[PDB]
Amino acid sequence: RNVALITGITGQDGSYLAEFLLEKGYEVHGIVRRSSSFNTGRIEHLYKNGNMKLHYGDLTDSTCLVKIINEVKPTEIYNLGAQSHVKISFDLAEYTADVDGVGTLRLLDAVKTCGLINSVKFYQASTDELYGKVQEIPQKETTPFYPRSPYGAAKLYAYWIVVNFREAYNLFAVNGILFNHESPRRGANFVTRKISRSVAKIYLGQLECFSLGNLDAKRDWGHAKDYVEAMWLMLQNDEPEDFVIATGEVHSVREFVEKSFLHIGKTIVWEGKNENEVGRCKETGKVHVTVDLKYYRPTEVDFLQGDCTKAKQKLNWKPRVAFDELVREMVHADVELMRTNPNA
Amino acid sequence: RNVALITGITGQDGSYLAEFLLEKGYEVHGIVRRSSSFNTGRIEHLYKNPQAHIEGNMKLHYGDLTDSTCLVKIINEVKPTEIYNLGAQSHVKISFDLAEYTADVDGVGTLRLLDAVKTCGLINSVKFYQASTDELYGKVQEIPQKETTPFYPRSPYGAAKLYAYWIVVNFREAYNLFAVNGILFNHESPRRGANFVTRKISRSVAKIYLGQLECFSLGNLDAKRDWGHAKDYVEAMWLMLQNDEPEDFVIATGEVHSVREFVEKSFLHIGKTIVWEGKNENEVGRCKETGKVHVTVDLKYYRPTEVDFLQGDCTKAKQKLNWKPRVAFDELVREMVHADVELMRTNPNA
Amino acid sequence: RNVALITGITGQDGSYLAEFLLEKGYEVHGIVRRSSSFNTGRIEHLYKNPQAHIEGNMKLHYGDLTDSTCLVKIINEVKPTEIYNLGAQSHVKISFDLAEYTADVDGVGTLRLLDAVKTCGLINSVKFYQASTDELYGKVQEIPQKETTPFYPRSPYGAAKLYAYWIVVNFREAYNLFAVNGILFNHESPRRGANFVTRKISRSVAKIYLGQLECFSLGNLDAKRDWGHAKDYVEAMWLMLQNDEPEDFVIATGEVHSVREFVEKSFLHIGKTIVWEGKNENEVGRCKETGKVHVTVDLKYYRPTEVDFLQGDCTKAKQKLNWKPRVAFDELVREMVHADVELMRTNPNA
Amino acid sequence: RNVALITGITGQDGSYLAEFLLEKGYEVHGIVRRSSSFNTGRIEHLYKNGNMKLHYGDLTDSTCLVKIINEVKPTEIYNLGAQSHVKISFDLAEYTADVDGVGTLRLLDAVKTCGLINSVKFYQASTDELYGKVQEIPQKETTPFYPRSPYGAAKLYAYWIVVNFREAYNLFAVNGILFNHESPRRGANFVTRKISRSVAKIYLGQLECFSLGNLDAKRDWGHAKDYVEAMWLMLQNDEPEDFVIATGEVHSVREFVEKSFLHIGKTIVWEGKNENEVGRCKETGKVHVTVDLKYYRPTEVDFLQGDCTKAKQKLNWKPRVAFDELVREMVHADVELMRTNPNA
Ligand SMILES: Nc1nc2c(ncn2[C@@H]2O[C@H](COP(=O)(O)OP(=O)(O)O[C@H]3O[C@H](CO)[C@@H](O)[C@H](O)[C@@H]3O)[C@@H](O)[C@H]2O)c(=O)[nH]1
Ligand SMILES: Nc1nc2c(ncn2[C@@H]2O[C@H](COP(=O)(O)OP(=O)(O)O[C@H]3O[C@H](CO)[C@@H](O)[C@H](O)[C@@H]3O)[C@@H](O)[C@H]2O)c(=O)[nH]1
Ligand SMILES: Nc1nc2c(ncn2[C@@H]2O[C@H](COP(=O)(O)OP(=O)(O)O[C@H]3O[C@H](CO)[C@@H](O)[C@H](O)[C@@H]3O)[C@@H](O)[C@H]2O)c(=O)[nH]1
Ligand SMILES: Nc1nc2c(ncn2[C@@H]2O[C@H](COP(=O)(O)OP(=O)(O)O[C@H]3O[C@H](CO)[C@@H](O)[C@H](O)[C@@H]3O)[C@@H](O)[C@H]2O)c(=O)[nH]1
């Protein structure tokens, strides 16, 4: 008997996690938010218009969480639901605390209230944003935390409330400290999908210029379809441990723009400084990228690089998709997307 | 100088309200929730390929009716002359399973918004519309219902809206804030949410016409509603704020029809005649011309309670606002069904 | 088997309710807030040096009406047969400055508590009393007020209590939960909170008698209330739960008196006769025998709104519960004033 | 112009902080909770039945915080209000998160909403509970955190949201990482005041036995009347920095019981093990102390010892009251308390 309950099933990781578990025969349950429109576009192809059952819920409604967990009696819980955009968190700090911080507590409390403490396995979606102003290079499980945003602080709270439940009630509960993972389902608001969509529409004559913030930030980028599997591996372990999941390669936002444009035939050369910097196509002389301070963050995370030695040894997990292939896939997918539908 | 703040601008009423105010030259601001997907489909046409008139006149801000700081920051930065509080969890069945959330957004949320106005010192310079609902009448106390018939809610949705109604009135009487309640009966349109009975029928009848679906099920077929067109009703919201004094108004059509009748007429626009067979939960609707059964009953679309004899008397609105509904039941069904065929023909999702 | 869960057990009504149920052999549980000081003064005598009867029959638990988990855990562990929801922010003036908090505790909090009962599967085995209030009548719609006169709240306190009233009724009608609203008019006692008009007068008149104070100030002297004794009224709460069927009841005295009259009579028990001089905010009350002025008016004890002609008709309670009030206005003043002299004589703080 | 706003003014530290600032001429404002009874017993002697003004409020009511801070326009803010009992936090984790965690954010947000970011100085009451399972001995400002309770996790959130406001908006805001501080006004529920009150009533014939939990925990105990002053010193500094405040001496709960009883003439000798351990008076053979598991904590903080070298150098602050004098003062004060009033 394998029954999984996924929060934030409509997001990126949730949609891949649902396919993965479904393929392994699991019965998959998910908590979706009421919306005045449709909000299930990533998972609607899993209906068989079956083995996946959706329930209305919210990480701020204590009664609904108890009702669902008692009705479903899951054997695995994945808490992926959250307000996940670091920038939006600066102007939405209260809601972000209520959902990302207190919401993790509400869910753990529901497991204890239903009496499933000893029969459930609980995965928390932690994040490299805990390292913020990094205290070691690279970052591993033992590196001291130092968050840099209202989103970082909420997740830091969520990390330790999970540790506290494991240590105090022997709940099998783990923190997945995953670094950036992207995909053709990545939200349009994140820098990698913002670039890939923009470059794609430029190549099709649907757009001429788009604006970014800090070009000089460096990220460790992996593929979300690999990292979901590491979440499952963590709950198959014999002891509940915490793990870092990352690629170990570093690249700049600048490089990501360059490689993306390269896949449409254009070579970017930069001119100017700071918020007056621009990106011009060497071949046409057309300007396609400008900078605007409204995409900067009051306190930035400058450099991130994960060391997943522990996960490689204890889980036999390794990433299969590298930086270059990631850019090629996203740019290519958004071309086919925007070619058949320019409103996408 | 006319600048509007709209909560719930992505929903049915808000999108039509945005269009209405932008056409009159207003500057329109809306609050939208952060989402892991696009959630602006209803208003996308206004800031993508808009008319030369009203090109840069709509601005959107991330917020939530449970986040007190973000409301203060938006209201203070926008400094509006009119506020329309249309944001809410609006499904009546879902409120039975989501009662606490529905209370925090529909009830306390109204109070958070008024408190923001008082905090920013705009009490005397802003005009405030509250989205009330015939659901306040629950167990109806008069037939028909008018502004003075006493309330009696029958759901967590009604109770929350009942709190919002009285908190809005209190700010009016205590602080002389210009604040009105729109007591609106059911209103639909081609943009209605798929989870509401009318759009559920119209979308399925469409998909049956194109060979994309065979059969769908409803709950209580003998339920009756007072049904108007949302595009007409947003106009009454604006009139209520143009009134010399803040008063509450019922907005309705005064004609009542059954969901069973809605189904029959919908199928008529697709060439099919329904005859009902069977009783109770085994009742089914079959097509006369093909013999194929297209409508079944499923007990899970009932609700713990039910709202009885709704019929609006908007005499007051006729006199003091000179407003009357322009669209009738027949045309509402006709328009909705036609619209969903054209939509589902070009794309089989939604 | 009779076990009670009381929210707000440290306040006036709860302490007297604890005494009443313990005397009948009930097992009594209460929810108390964490505090940086002692906050159990009203019920301390019940678990410190108690009578041989009812020695180990009261247990206290840390909780809060905004903490959903703690309510579930307490209700599940106690498994009560009767629940009395008396916890609330109960000051009407303070609710104008504390409206959001008052909404979360007085309105949403009632819903959290009922939801706990449904979550624990006790819907069919528990009996639920809700502390309603004549404040629901706000702008009174009938004189006197009875169970059927329509509501019209005038404060954030009233609005919140108005939400709690209807959410309790909804659980009754939707799920057949045994749930009642006690519509109680003002009730006082030697344990009333110092911030309420009666105890404010009685405590100051005492301190003036002992040379500990010279003068105090009130707000609206011409306000009128319907005033009963809390010890009588807790008894009506219990009767409402003993009824064969769940019904709502008004509980009041039906006689109305003014705060001005309350002051005059209070001073009479201390040997002093008041004569009023001056008008409006410059009105003062002077002692006839000494010439010394003891009562002044201060505009800051008014409220943004005011509640008008309160008078309870509890005919229904007389018939179906056989309950009548035992204490009258004269004895209430007499008892309160006497009690505060004895208290302030032995200790000059409170 | 010196105007201070203190949250949790009715608590221990608040009452001493109010005297301290009042003596320096400050205008002192405080936020008190509505109570059905009196809750101002620690500060009521500061009325002059003046320079101290109380306002109704709560760290969970966003509108009331803005109204107060705008009305008062303080130059110094001390956020001392919180649900402060570690044990109670295990069964009150949600309320404790809302107040101790999110409440700190609500107050910072109010400062930004009123436009006082550049004209206010903000003190956060942090705590040695951040060190929990200590990662170094002794603990200093740079020691990695590891909280051990729902109270620890909420404060860890509050620490970093304060750091984020300082780094992102240049708010003069500091974390006081204060270790245990006791006094005759210490809450009755904490181990030091529980002991001193109990020993006192035993010496007066009002009590025979009382129950404790883990006797073998070790704490760094200082006097609250010293530590309030360090809070003021931190806001007189030229740069907003974080500081540890502690004594550097360690002692067990066991020792604290022994010394306390010594000051009434009784010598305690222990018998038994674990939850069957008892404390008997060598002179009379009467048992006065027993152990009960309901005072244990699911995850304990075993050893705590502060190193306030940074505060000594940069603030010229040092503790004036040592462990022994602290016990003598508390026991003596509760004797005089209970002698003149046995209900105290
Ligand atoms: N979004 C965005 N970021 C920009 C832009 N211009 C520059 N950036 C920079 O691009 C970097 C990466 O930004 P995002 O893709 O927004 O993500 P993130 O801050 O690294 O957040 C993601 O990573 C964590 C680990 O997966 C997640 O925890 C988090 O939820 C989120 O998915 C940041 O340094 C940001 O400043 C822009 O226009 N938009
Ligand atoms: N949604 C739905 N309703 C069904 C179904 N079968 C029967 N019904 C009945 O159809 C009627 C109308 O439901 P909606 O049209 O679903 O809701 P309302 O309960 O009519 O709610 C609308 O009215 C209020 C005021 O007009 C609004 O407050 C609310 O947000 C919403 O717009 C109700 O009697 C309901 O029982 C079904 O499959 N789905
Ligand atoms: N508290 C107070 N009230 C004053 C004062 N001067 C005049 N009043 C008037 O005295 C009347 C009674 O006030 P409380 O007795 O202060 O309040 P209520 O507003 O009467 O509230 C009580 O009644 C409700 C139902 O009986 C309860 O819901 C509420 O909790 C409380 O017990 C009101 O008309 C108030 O304006 C003053 O100095 N203080
Ligand atoms: N309270 C209590 N503690 C007991 C008992 N028996 C043993 N202890 C142990 O005594 C130690 C100290 O307990 P407390 O005095 O309750 O305080 P604390 O957990 O150290 O908490 C205080 O210290 C922090 C730093 O000042 C503060 O942050 C926190 O709010 C609180 O004031 C803990 O290890 C606790 O397990 C008992 O009966 N009661």
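First residue shown is number 1, and so on along the chain.
Placed from the backbone N, Cα and C atoms, the Cβ positions cover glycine too.
Copied over from Swiss-Prot:
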- B:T133: active site (ACT_SITE)
- B:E135: active site, nucleophile (ACT_SITE)
- B:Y157: active site, nucleophile (ACT_SITE)
- B:8-13, B:33-36, B:64-65, B:86-90, B:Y101, B:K161, B:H187, B:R192: NADP(+) binding site (BINDING)
- B:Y301: phosphotyrosine (MOD_RES)
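When the C-alpha distances from B:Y157 (active site, nucleophile) to the binding-site residues B:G8, B:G11, B:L86 are tabulated, the minimum falls on B:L86. Each residue contributes its Cα atom, and for B:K161 (NADP(+) binding site) and the residue listed as 'active site' those atoms are 7 Å apart. In this structure, B:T133 are the recorded positions from B:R33, B:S36, B:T133 whose C-beta falls under 6 Å of some atom of ligand 2.
Using a cut-off of under 8 A between C-beta atoms, the recorded positions B:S36, B:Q89, B:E135, B:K161 that neighbour chain A are B:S36, B:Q89. According to its DSSP assignment, the residue listed as 'active site' is in a strand. Sorted by the number of other CB atoms within 10 A, the recorded positions B:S36, B:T133 start with B:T133, the lowest. Nearest neighbour of B:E135 (active site, nucleophile) by Cα distance, taken over the recorded positions B:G11, B:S36, B:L86, B:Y301: B:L86. Put plainly, the recorded positions B:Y157, B:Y301 were compared by Cβ crowding within 10 Å, and the winner is B:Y157. Within 10 Å of its Cβ, the residue among the binding-site residues B:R33, B:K161 with the fewest other Cβ atoms is B:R33. Under the DSSP three-state reduction, B:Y157 (active site, nucleophile) is assigned to helix. Separation of the C-alpha atoms of B:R33 (NADP(+) binding site) and the residue listed as 'active site': 23 Å, rounded to the nearest whole number. Reduced to three states, the DSSP call for B:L86 (NADP(+) binding site) is coil.
Long-range Cβ neighbours of B:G8 (NADP(+) binding site) (same chain, at least 6 residues apart, Cβ-Cβ under 8 Å): B:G14, B:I31, B:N85, B:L86, B:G87, B:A88, B:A131. If you measure from the Cα atom of B:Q89 (NADP(+) binding site) to that of the residue listed as 'phosphotyrosine', you get 18 Å. Among the recorded positions listed here, namely B:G11, B:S36, B:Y301, B:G11 has its C-alpha nearest to that of the residue listed as 'active site'.
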